[PDB]
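A.B. asks: Any chance you could fold what I've pasted below:
(chains A and B, ligands or ions: 1)
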Amino acid sequence: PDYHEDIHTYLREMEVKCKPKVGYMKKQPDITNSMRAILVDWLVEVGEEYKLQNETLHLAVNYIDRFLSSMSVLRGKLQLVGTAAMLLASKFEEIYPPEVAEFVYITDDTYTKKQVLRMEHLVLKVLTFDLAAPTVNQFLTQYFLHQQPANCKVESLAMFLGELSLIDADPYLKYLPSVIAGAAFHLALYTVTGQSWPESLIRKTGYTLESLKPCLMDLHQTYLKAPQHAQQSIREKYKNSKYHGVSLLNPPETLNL
Amino acid sequence: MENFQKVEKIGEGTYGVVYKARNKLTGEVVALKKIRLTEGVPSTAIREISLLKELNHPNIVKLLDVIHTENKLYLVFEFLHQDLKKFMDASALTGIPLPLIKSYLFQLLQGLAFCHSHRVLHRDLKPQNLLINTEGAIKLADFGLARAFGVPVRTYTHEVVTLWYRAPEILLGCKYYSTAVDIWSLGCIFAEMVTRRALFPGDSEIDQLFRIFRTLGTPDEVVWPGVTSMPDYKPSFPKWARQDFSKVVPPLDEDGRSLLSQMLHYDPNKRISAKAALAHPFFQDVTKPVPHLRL
Ligand SMILES: COc1cc(Nc2ncc3c(C)nc(-c4ccccc4)n3n2)cc(OC)c1OC
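C.D. replies: Numbers count the residues shown, from 1 in each chain, chains lettered A, B, ... in the order given. Sure, the structure comes next:
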């Protein structure tokens, strides 16, 4: 109850610091946005396979993007980075995290157990143990406390949209987690109930509906093009009855902002 | 790592063995937390380092350094003189003066308030996790079971908190942890400082629960809405009456009893927050007395 407003202010400050270099992929000579998408999409499958929290997936990406912001990685080792990030994210976030042997397994035995653990050690070094990173998901759940009243279809849609942002480094690195979350939450609230970014949240976040526009225009695009996108794990994930089959909901043709 | 000379062992705890050590070069006396190194870096350690690096406060024990090597992981901590549990034992005959109890609770509440408004749950507050010095300070320690609650934290099916200091919500099987669980713990410790005896010393999970019921009265829908719908609630629960707090914590004044019942409020939604507790009439004349530490 009382700590909430402080946690928003603190999380808002923390996302500026735990932010990856915007155009880091152009400084990565062997990999491209495409390959990152494939990896992130694979991690969603990994996530659904081992029934891990969505927050674990979010963290794992944050770690990956930060690690790749300061370490040149050849394509053949990108997955080893991804697998280590997931293991670390699982360790930070999951109550009972999956055994290392399990993570070694899902790579089709590309890497050995030693290779994954030595990588984990290196990811920790590069991130300097700063793993308590703030996610789009963290902001979404905080934003949800402002629905009048709560709606799970609204929530499930926002989550889906916010999850979809993880796959495409272009353009979503341009936006802080809190901004993506604001866009996702408004778009979900608009598709489902027809309402808009609420007055109470404008006051809390400082973001006017106007300011979220550049992000909304991009997100709405991903949503509209989502069925044709090369990566499908997320749409599959969210057509489940658990998430109210929201990935099957038709996006509005114009946001009319 | 070749800078530190190990002085002596000072106890095991969650992550692993802990040593008092000295910095051969600066002279600084530290607490070394050693970890042997194969399932990777232990979950508890990853969480402890990660979260403590953020929590810089006078009433939270400072993580000074993390030394990353080949086969060993060392966590360097500021050094304090003993744990509250040991100080309580030394006080057994004489008792901890009420001013010092007030001072300790005030400080702990500041530490906890800092933790919570930085989305960190401690989850394991017990007198052997609280550390004191000769200068009258008290600090939160062992963040091995600590958790970040940017998203709500799901509860373990096999719970790994202490039994005696566990909140009733957890025992009745609610889905998520809460800031309120940390407040409950301090409440139990607060009463224990006052009475020289543990407030609810349970054998088993159900013994713990009933001990909370015998003292504070069996909760119902009027007191705590949704109590009976919780997973581990049983209709056949014995219905005890609430007991006069002046017979539970006799040496406490009206303010002391006022805060304590708010700290032990049944509903976790209406239990006093650390932040609010600091502004309670009880701490209006708080000072910072010095303890007398043995050995
Ligand atoms: C716990 O009892 C004593 C503590 C300390 N000091 C101290 N300072 C810092 C510290 C940290 C970060 N973690 C621990 C710890 C150790 C073991 C079990 C749980 C926690 N400690 N202990 C020193 C003693 O002797 C001087 C004690 O024995 C009386």
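
A.B. asks: Could you report the neighbour count for residue A:197?
C.D. replies: 24 (other CB atoms under 10 Å in any protein chain shown). (Each C-beta comes from the backbone N, C-alpha and C, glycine too.)

A.B. asks: what's the spacing between it and chain B?
C.D. replies: Computed as CB to the nearest CB, to the nearest Å, the residue A:197 to chain B distance reads 21 Å.

A.B. asks: can I assume that residue is in contact with residue A:184?
C.D. replies: No - Residue A:197 lies out of contact with residue A:184 (CB atoms under 8 Å); the separation is 10.9 Å.

A.B. asks: what about residue 87, how many neighbours?
C.D. replies: By default, I'm working from chain A. As a measure of burial, residue A:87 has 26 neighbours, counting by other CB under 10 Å.

A.B. asks: that's the wrong chain, I wanted chain B
C.D. replies: 23.

A.B. asks: quick one: contacts for it?
C.D. replies: Residue B:87 makes contact with B:96, B:132, B:291, B:293 under the criterion CB atoms under 8 Å, 6 or more residues apart in numbering or on different chains.

A.B. asks: so what's residue 149 up against?
C.D. replies: You didn't pick a chain, so chain A it is. Counting by CB under 8 Å, 6+ apart, there are no residues that residue A:149 touches.

A.B. asks: that answer is for a different chain, and I need it for chain B
C.D. replies: B:119, B:120, B:121, B:177, B:179.

A.B. asks: What ranges does the stretch 101-250 of chain B have for its helices?
C.D. replies: For the stretch 101-250 of chain B, the helices defined by DSSP state H, counting those that start in this stretch cover B:168-171, B:180-195, B:205-216, B:245-248.

A.B. asks: can you check the stretch 101-250 of chain A too?
C.D. replies: Taking DSSP H, counting those that start in this stretch as the criterion, the stretch 101-250 of chain A carries its helices at A:113-127, A:136-144, A:152-164, A:169-172, A:177-192, A:199-205, A:213-225, A:233-238.

A.B. asks: is chain B contacted by the first one?
C.D. replies: Right, helix A:113-127. Yes - counting by CB under 8 Å from any CB of the partner chain, chain B is contacted by helix A:113-127 at A:116, A:117, A:120, A:121, A:124, A:125.

A.B. asks: circling back to that earlier point, out of the helices of the stretch 101-250 of chain B, deepest packed?
C.D. replies: helix B:180-195 (a mean of 24; mean count of other CB atoms under 10 Å in any protein chain shown).

A.B. asks: CA atoms of that one as CSV?
C.D. replies: Coordinates of each C-alpha in helix B:180-195 appear next as CSV, following Å, rounded to 0.1, in the frame of the first residue of the first chain:
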residue,chain,number,x,y,z
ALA,B,180,3.3,-7.1,5.8
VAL,B,181,5.2,-10.4,6.5
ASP,B,182,8.3,-8.4,7.4
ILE,B,183,6.3,-6.2,9.8
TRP,B,184,4.9,-9.3,11.6
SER,B,185,8.4,-10.6,12.2
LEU,B,186,9.6,-7.3,13.8
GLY,B,187,6.4,-7.4,15.9
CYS,B,188,7.3,-10.8,17.2
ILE,B,189,10.9,-9.7,17.9
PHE,B,190,9.6,-6.4,19.5
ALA,B,191,7.5,-8.4,22.0
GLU,B,192,10.4,-10.8,22.6
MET,B,193,12.7,-8.0,23.6
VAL,B,194,10.0,-6.8,26.0
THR,B,195,9.1,-10.2,27.6
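
A.B. asks: That helix to helix B:205-216, inter-axis angle?
C.D. replies: Interaxial angle, helix B:180-195 versus helix B:205-216 (axes from the mean of the first three to the mean of the last three CA atoms, to 10 degrees): 70 degrees.

A.B. asks: one step back: adding mean neighbour count as columns, could you present the helices of the stretch 101-250 of chain A in CSV?
C.D. replies: Below are the helices of the stretch 101-250 of chain A laid out as CSV (neighbours: other CB atoms under 10 Å in any protein chain shown):
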stretch, mean neighbour count
helix A:113-127, 18
helix A:136-144, 24
helix A:152-164, 23
helix A:169-172, 18
helix A:177-192, 25
helix A:199-205, 15
helix A:213-225, 18
helix A:233-238, 20
